[PDB]
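The structure appears right after this line, and notes come after that.
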Amino acid sequence: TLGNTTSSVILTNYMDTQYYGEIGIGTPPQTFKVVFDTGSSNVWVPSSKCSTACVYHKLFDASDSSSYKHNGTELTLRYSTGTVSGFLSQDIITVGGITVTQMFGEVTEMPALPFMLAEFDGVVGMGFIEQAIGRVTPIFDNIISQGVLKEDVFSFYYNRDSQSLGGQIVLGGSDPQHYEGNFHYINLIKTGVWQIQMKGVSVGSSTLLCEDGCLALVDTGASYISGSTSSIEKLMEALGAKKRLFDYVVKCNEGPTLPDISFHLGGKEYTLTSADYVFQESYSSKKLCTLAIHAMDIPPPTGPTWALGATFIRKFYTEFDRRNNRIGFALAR
Ligand SMILES: Clc1ccc(N(C[C@@H]2CNC[C@H]2Cc2ccccc2)c2ccccc2)cc1
Ligand SMILES: Clc1ccc(N(C[C@@H]2CNC[C@H]2Cc2ccccc2)c2ccccc2)cc1
Ligand SMILES: *[C@@H]1O[C@H](CO)[C@@H](O)[C@H](O)[C@H]1NC(C)=O
């Protein structure tokens, strides 16, 4: 029918690392907490057929759904900690009011890491079919198909942690209340991945990395800003940060004095100040403070690349444009 629709999905912000909203699967709807991930293209939730990370999440019960259509084809999703395994199923999925018949994964095996830490149940991949495992049609392609959206775009707002809004996803447009000024666009290197060309990473007023150009994946599913092990070893050396097992730290008192970090994308320099990347949990010289920048070695074909996750998105309201194959950034509000 008439496409003037702009569906808003409200997100919960858990500790500035997990941003999740709800979806409803089946007849009647079974609700799930999901992360909306531009870095992946498959929809998956835990199955009732799950034996132990599962135990801790909401399980989908096909036997309680009148709209369910069996499939059973094996689904295997590679994560950096191991495999998320299950089988395909088809059901009616509700997201921000829009209902679509979707092929999704009913997960029967999850690695304990990171899933034991997850406040959310499953994943809703906002990526392209080119990266969908089993060539399964992604949710956004199916929403596009309905011809309901105002524009063939979706936007992300991630807040900084009080009864305030954790985040928001607008399907069919952007929310001007959550951004200031106008959007600056960067075309995708190629369709099939939410990845753009990056022309430099600067510490202060000097380009220290990516001087000859590199790739930047705009990943809403990633908690932090990430680079390859070698890029982050060099960047952390420049910042004077020290490696620990899972992160890099600075003495808490040294944190507010850390230089600005800039990402050269399109015609602009996108700047993050120390307040945007330091988890300032204290101001003590006797305590250590974590950085919201990590090393993540993304495997080919997508990698090696940088990934602009929640750390970048909190600063810059992001619009994913499928009609035009571009990403737009505006300063978040
Ligand atoms: Cl810190 C952190 C690091 C990773 C995540 N992820 C996985 C990343 C989010 N998008 C896909 C993947 C990166 C990738 C992109 C392209 C190709 C390969 C990998 C996650 C997301 C949701 C649930 C569980 C994990 C989250 C936080
Ligand atoms: Cl692929 C992948 C995704 C996340 C991790 N994580 C957990 C993430 C790192 N700190 C925030 C947390 C958010 C999260 C929690 C659950 C799911 C997604 C993000 C991890 C890092 C070091 C030690 C243990 C866990 C690891 C691999
Ligand atoms: C499952 O879905 C795939 C989608 O390509 C289809 O080819 C296959 O025949 C389906 N299997 C069953 C048993 O429905």
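Residue numbering restarts at 1 in every chain; chains get A, B, ... in the order shown in the structure tokens, and ligands count up from 1 in that same order.
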DSSP-assigned helix (DSSP H, G or I) members of segment 182-314 of chain A, reported as a PyMOL selection string:
chain A and resi 229-239+255-257+274-277+310-314
Just want the 6 Å neighbourhood of segment 172-186 of chain A, counted on only C-alpha atoms, with same-chain residues fewer than 2 positions away dropped. Output as a list in words.
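Listing them by chain and then by number gives residues 6, 149, 150, 151, 152, 153, 154, 155, 170, 266, 326, 327, 328, 329, 330, 331, 332 and 333 of chain A.
Non-sequential neighbours of residue 188 of chain A (distance at most 12 Å, separation of 5 or more positions within a chain, only C-alpha atoms) are residues 193, 194, 195, 196, 197, 198, 215, 216, 217, 218, 265, 266, 320, 321, 322, 323, 324, 325, 326, 327 and 328 of chain A.
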Residues within 9 Å of ligand 3, counting only C-alpha atoms and all ligand atoms, as a list in words
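My answer, listing the contacting residues, is residues 69, 70, 71, 72, 73, 88, 89, 90, 103, 134, 135 and 136 of chain A.
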Keeping only N, CA and C atoms, write the selected residues as a PDB file, in the first residue's frame.
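The resulting file, result38.pdb, is shown below:
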```
ATOM      1  N   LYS A  69       6.197 -22.550   9.722  1.00  0.00           N
ATOM      2  CA  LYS A  69       6.406 -23.398   8.553  1.00  0.00           C
ATOM      3  C   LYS A  69       7.772 -24.037   8.715  1.00  0.00           C
ATOM      4  N   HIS A  70       7.807 -25.363   8.911  1.00  0.00           N
ATOM      5  CA  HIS A  70       9.035 -26.177   9.055  1.00  0.00           C
ATOM      6  C   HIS A  70      10.006 -25.973   7.867  1.00  0.00           C
ATOM      7  N   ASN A  71      11.292 -26.196   8.104  1.00  0.00           N
ATOM      8  CA  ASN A  71      12.335 -26.212   7.074  1.00  0.00           C
ATOM      9  C   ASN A  71      13.381 -27.252   7.515  1.00  0.00           C
ATOM     10  N   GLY A  72      14.043 -26.999   8.640  1.00  0.00           N
ATOM     11  CA  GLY A  72      15.001 -27.929   9.220  1.00  0.00           C
ATOM     12  C   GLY A  72      16.395 -28.004   8.613  1.00  0.00           C
ATOM     13  N   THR A  73      16.691 -27.225   7.556  1.00  0.00           N
ATOM     14  CA  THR A  73      18.032 -27.170   6.964  1.00  0.00           C
ATOM     15  C   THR A  73      19.026 -26.653   8.021  1.00  0.00           C
ATOM     16  N   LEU A  88      17.016 -23.972  10.105  1.00  0.00           N
ATOM     17  CA  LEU A  88      16.120 -22.960   9.583  1.00  0.00           C
ATOM     18  C   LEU A  88      14.680 -23.253   9.884  1.00  0.00           C
ATOM     19  N   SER A  89      13.928 -22.196  10.063  1.00  0.00           N
ATOM     20  CA  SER A  89      12.491 -22.228  10.298  1.00  0.00           C
ATOM     21  C   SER A  89      11.912 -20.961   9.704  1.00  0.00           C
ATOM     22  N   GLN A  90      10.625 -20.994   9.425  1.00  0.00           N
ATOM     23  CA  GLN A  90       9.932 -19.838   8.883  1.00  0.00           C
ATOM     24  C   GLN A  90       8.767 -19.497   9.759  1.00  0.00           C
ATOM     25  N   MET A 103      12.507 -16.278   7.157  1.00  0.00           N
ATOM     26  CA  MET A 103      13.286 -17.489   7.354  1.00  0.00           C
ATOM     27  C   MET A 103      14.352 -17.100   8.398  1.00  0.00           C
ATOM     28  N   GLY A 134      23.616 -19.441   4.000  1.00  0.00           N
ATOM     29  CA  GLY A 134      22.620 -20.261   3.329  1.00  0.00           C
ATOM     30  C   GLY A 134      21.819 -19.459   2.323  1.00  0.00           C
ATOM     31  N   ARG A 135      22.317 -18.255   1.978  1.00  0.00           N
ATOM     32  CA  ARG A 135      21.715 -17.303   1.053  1.00  0.00           C
ATOM     33  C   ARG A 135      20.279 -16.921   1.447  1.00  0.00           C
ATOM     34  N   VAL A 136      19.962 -17.028   2.746  1.00  0.00           N
ATOM     35  CA  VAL A 136      18.665 -16.705   3.341  1.00  0.00           C
ATOM     36  C   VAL A 136      18.398 -15.192   3.212  1.00  0.00           C
TER      37      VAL A 136
END
```
Could you please write out, as a PyMOL selection string, every residue of segment 187-255 of chain A that DSSP assigns to strand (DSSP E)?
chain A and resi 187+195-203+206-209+214-217+225-227+242-243+248-251
Atoms kept (N, CA, C and O atoms) for selection, written as a tab-separated table (two decimals), in the first residue's frame:
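The resulting result-v9.tsv:
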```tsv
chain	number	residue	atom	x	y	z
A	187	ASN	N	29.79	6.75	0.10
A	187	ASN	CA	29.28	5.59	-0.65
A	187	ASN	C	29.99	4.32	-0.21
A	187	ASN	O	31.14	4.38	0.24
A	195	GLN	N	30.46	-1.39	4.42
A	195	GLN	CA	31.87	-1.05	4.50
A	195	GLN	C	32.19	0.07	3.53
A	195	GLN	O	31.77	0.04	2.37
A	196	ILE	N	32.89	1.09	4.04
A	196	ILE	CA	33.32	2.30	3.33
A	196	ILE	C	34.86	2.41	3.41
A	196	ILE	O	35.47	1.75	4.24
A	197	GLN	N	35.46	3.22	2.51
A	197	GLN	CA	36.89	3.51	2.48
A	197	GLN	C	37.23	4.51	3.58
A	197	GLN	O	36.50	5.49	3.77
A	198	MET	N	38.32	4.27	4.31
A	198	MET	CA	38.81	5.17	5.35
A	198	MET	C	40.17	5.70	4.87
A	198	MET	O	40.98	4.92	4.38
A	199	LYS	N	40.38	7.02	4.95
A	199	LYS	CA	41.58	7.64	4.42
A	199	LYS	C	42.58	8.15	5.45
A	199	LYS	O	43.46	8.95	5.13
A	200	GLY	N	42.46	7.65	6.67
A	200	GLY	CA	43.39	7.98	7.73
A	200	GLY	C	42.80	7.97	9.11
A	200	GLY	O	41.62	8.27	9.28
A	201	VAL	N	43.65	7.62	10.12
A	201	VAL	CA	43.32	7.61	11.54
A	201	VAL	C	44.37	8.46	12.19
A	201	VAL	O	45.56	8.15	12.11
A	202	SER	N	43.93	9.56	12.82
A	202	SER	CA	44.87	10.49	13.45
A	202	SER	C	44.75	10.62	14.96
A	202	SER	O	43.64	10.69	15.48
A	203	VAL	N	45.89	10.65	15.66
A	203	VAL	CA	46.02	10.86	17.11
A	203	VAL	C	46.45	12.31	17.22
A	203	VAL	O	47.51	12.69	16.70
A	206	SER	N	47.97	14.62	13.93
A	206	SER	CA	48.88	13.88	13.07
A	206	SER	C	48.37	12.48	12.72
A	206	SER	O	48.01	11.71	13.63
A	207	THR	N	48.28	12.17	11.39
A	207	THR	CA	47.86	10.88	10.83
A	207	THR	C	48.95	9.86	11.14
A	207	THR	O	50.08	9.96	10.65
A	208	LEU	N	48.60	8.94	12.01
A	208	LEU	CA	49.50	7.93	12.52
A	208	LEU	C	49.27	6.61	11.82
A	208	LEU	O	50.20	5.81	11.67
A	209	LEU	N	48.03	6.37	11.40
A	209	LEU	CA	47.67	5.11	10.75
A	209	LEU	C	46.77	5.33	9.55
A	209	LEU	O	46.17	6.40	9.39
A	214	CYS	N	42.49	2.46	4.07
A	214	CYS	CA	42.05	1.19	4.63
A	214	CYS	C	40.51	1.11	4.61
A	214	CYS	O	39.86	2.06	4.20
A	215	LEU	N	39.94	-0.03	5.02
A	215	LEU	CA	38.49	-0.23	5.06
A	215	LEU	C	37.92	0.01	6.47
A	215	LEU	O	38.60	-0.26	7.47
A	216	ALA	N	36.66	0.48	6.53
A	216	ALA	CA	35.96	0.68	7.79
A	216	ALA	C	34.58	0.07	7.66
A	216	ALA	O	33.80	0.47	6.80
A	217	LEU	N	34.29	-0.91	8.49
A	217	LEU	CA	33.00	-1.57	8.55
A	217	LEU	C	32.14	-0.82	9.58
A	217	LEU	O	32.58	-0.59	10.72
A	225	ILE	N	35.07	0.43	18.79
A	225	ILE	CA	35.78	0.75	17.57
A	225	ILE	C	36.91	-0.30	17.56
A	225	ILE	O	37.58	-0.53	18.59
A	226	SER	N	37.13	-0.94	16.42
A	226	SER	CA	38.21	-1.91	16.35
A	226	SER	C	39.08	-1.79	15.09
A	226	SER	O	38.65	-1.27	14.06
A	227	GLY	N	40.33	-2.22	15.23
A	227	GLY	CA	41.28	-2.31	14.15
A	227	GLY	C	41.97	-3.65	14.28
A	227	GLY	O	41.74	-4.39	15.25
A	242	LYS	N	48.22	0.51	28.19
A	242	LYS	CA	48.86	-0.77	28.48
A	242	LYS	C	47.91	-1.94	28.30
A	242	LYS	O	46.77	-1.90	28.78
A	243	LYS	N	48.39	-3.01	27.64
A	243	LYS	CA	47.57	-4.19	27.40
A	243	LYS	C	47.33	-5.04	28.64
A	243	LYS	O	48.24	-5.25	29.44
A	248	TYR	N	42.77	-2.69	26.87
A	248	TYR	CA	43.86	-1.74	27.10
A	248	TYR	C	43.37	-0.75	28.12
A	248	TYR	O	42.18	-0.40	28.15
A	249	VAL	N	44.27	-0.35	29.01
A	249	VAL	CA	43.93	0.56	30.10
A	249	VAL	C	44.90	1.74	30.16
A	249	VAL	O	46.03	1.67	29.67
A	250	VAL	N	44.44	2.81	30.80
A	250	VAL	CA	45.23	3.96	31.17
A	250	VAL	C	45.03	4.19	32.72
A	250	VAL	O	44.02	3.74	33.29
A	251	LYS	N	45.95	4.90	33.39
A	251	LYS	CA	45.70	5.23	34.79
A	251	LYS	C	44.52	6.21	34.71
A	251	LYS	O	44.53	7.08	33.84
```
Could you pull out the residues sitting within 9 Å of ligand 2, using only C-alpha atoms and all ligand atoms, and write them as a PyMOL selection string?
chain A and resi 14-19+35+78-82+113-120+221-224+245-247
